[PDB]
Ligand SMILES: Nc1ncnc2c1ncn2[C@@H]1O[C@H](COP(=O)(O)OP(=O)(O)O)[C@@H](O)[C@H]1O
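In structure tokens, one chain follows: the form solved without adenosine-5'-diphosphate (ADP).
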């Protein structure tokens, strides 16, 4: 699966308002939060990484749902960078998948930080208004799309943290299949908490 066998397991939890932010090493396709987030492609065709794993786990109905959403909600266009759509999770233990498109590193350097942050803000706004109680995010735009992990992780955490300071959402997880990524997130979060 996404988490290499024998990876170090680890968790960190912190409350913000009556919200909770959790960082964990894990396989996001096995998360039991109400929502998980897919780091998708504009095409909403499944690829590799988290996107591939989510489609494999969710089953074939996901691709079909996504392409009709593209046809109906998006009028046949790709999902724009930073925007979101929601579908069923199908065979996933999570009820819903929010699909978002992260910026591809340095394609639009002037905009990309705001666009990556939009992924987070739009997903949380959706959770808020639909009262979905819990959501798991993966690392978005990172990889060999990739976005340097320290920079991506700063944008994610700061955006999530401010949103949780200002809103009732519930439980937000960042679920990472890499203990390397987790360690960066853990230390950065502790650093950001200290500032609040």
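Positions refer to the first chain, counted from 1.
* Asked: Per the entry, where is the mean C-alpha temperature factor higher: 72-80 or 86-94?
  -> The recorded data point to 72-80.
* **Selected stretch [higher average CA B-factor]: 51-59 or 31-39** => According to the PDB entry, the answer is 51-59.
* Which is it among 143, 26, 138, 46: the one with the largest CA B-factor in the entry? -> The C-alpha B-factor peaks, among 143, 26, 138, 46, at 46.
* Going by the recorded CA B-factors, say which third of the chain residue 184 sits in, lowest, middle or highest. => Answer is lowest: the recorded C-alpha B-factor places it there.
* To do: Divide the modelled residues of the chain into thirds by Cα B-factor and specify which third, lowest, middle or highest, holds residue 162.
  => As the PDB entry reports it, the C-alpha B-factor of residue 162 lands in the middle third of its chain.
* Tell me, lowest, middle or highest third: where does the Cα B factor of residue 6 rank within its chain? => Its C-alpha B-factor, which the entry lists for residue 6, ranks in the middle third among residues of this chain.
* Report the third (lowest, middle or highest) to which the CA temperature factor of residue 154 belongs, ranking only the modelled residues of the same chain. => Within its chain, residue 154 is a middle-third residue by C-alpha B-factor, going by the deposited values.
* C-alpha B factor of residue 127, ranked within the chain: lowest, middle or highest third? -> Within its chain, residue 127 is a middle-third residue by C-alpha B-factor, going by the deposited values.
Not pictured, yet referred to below: the form solved in complex with adenosine-5'-diphosphate (ADP).
* Taking 4.5 Å between heavy atoms as the contact cutoff, choose which of 27, 151, 68, 61 touches adenosine-5'-diphosphate (ADP) in the deposited complex. => Of the candidates 27, 151, 68, 61, 27 is the one lying within 4.5 Å of adenosine-5'-diphosphate (ADP) in the deposited complex.
* Of 155, 53, 132, 161, which residue is found within 4.5 angstroms of adenosine-5'-diphosphate (ADP) in the deposited complex when only non-hydrogen atoms are counted? -> Of 155, 53, 132, 161, the residue with a heavy atom within 4.5 Å of adenosine-5'-diphosphate (ADP) in the deposited complex is 53.
* Using 4.5 Å between non-hydrogen atoms, is residue 170 touching adenosine-5'-diphosphate (ADP) in the deposited complex? -> Taking the distances in the deposited complex, the answer for residue 170 is no, it never comes within 4.5 Å of adenosine-5'-diphosphate (ADP).
* To do: Please run the contact check for residue 23 against adenosine-5'-diphosphate (ADP) in the deposited complex: heavy atoms, 4.5 angstroms, yes or no?
  => Although adenosine-5'-diphosphate (ADP) is absent here, residue 23 would stay clear of it in the deposited complex, with no heavy atoms inside 4.5 Å.
* Asked: Even though adenosine-5'-diphosphate (ADP) is not shown here, does residue 33 get within 4.5 Å of it in the deposited complex, heavy atoms only?
  -> No, residue 33 stays farther than 4.5 Å from adenosine-5'-diphosphate (ADP) in the deposited complex.
* To do: May I ask you to state whether residue 127 is within 4.5 Å of adenosine-5'-diphosphate (ADP) in the deposited complex, using heavy atom distances?
  => Taking the distances in the deposited complex, the answer for residue 127 is no, it never comes within 4.5 Å of adenosine-5'-diphosphate (ADP).
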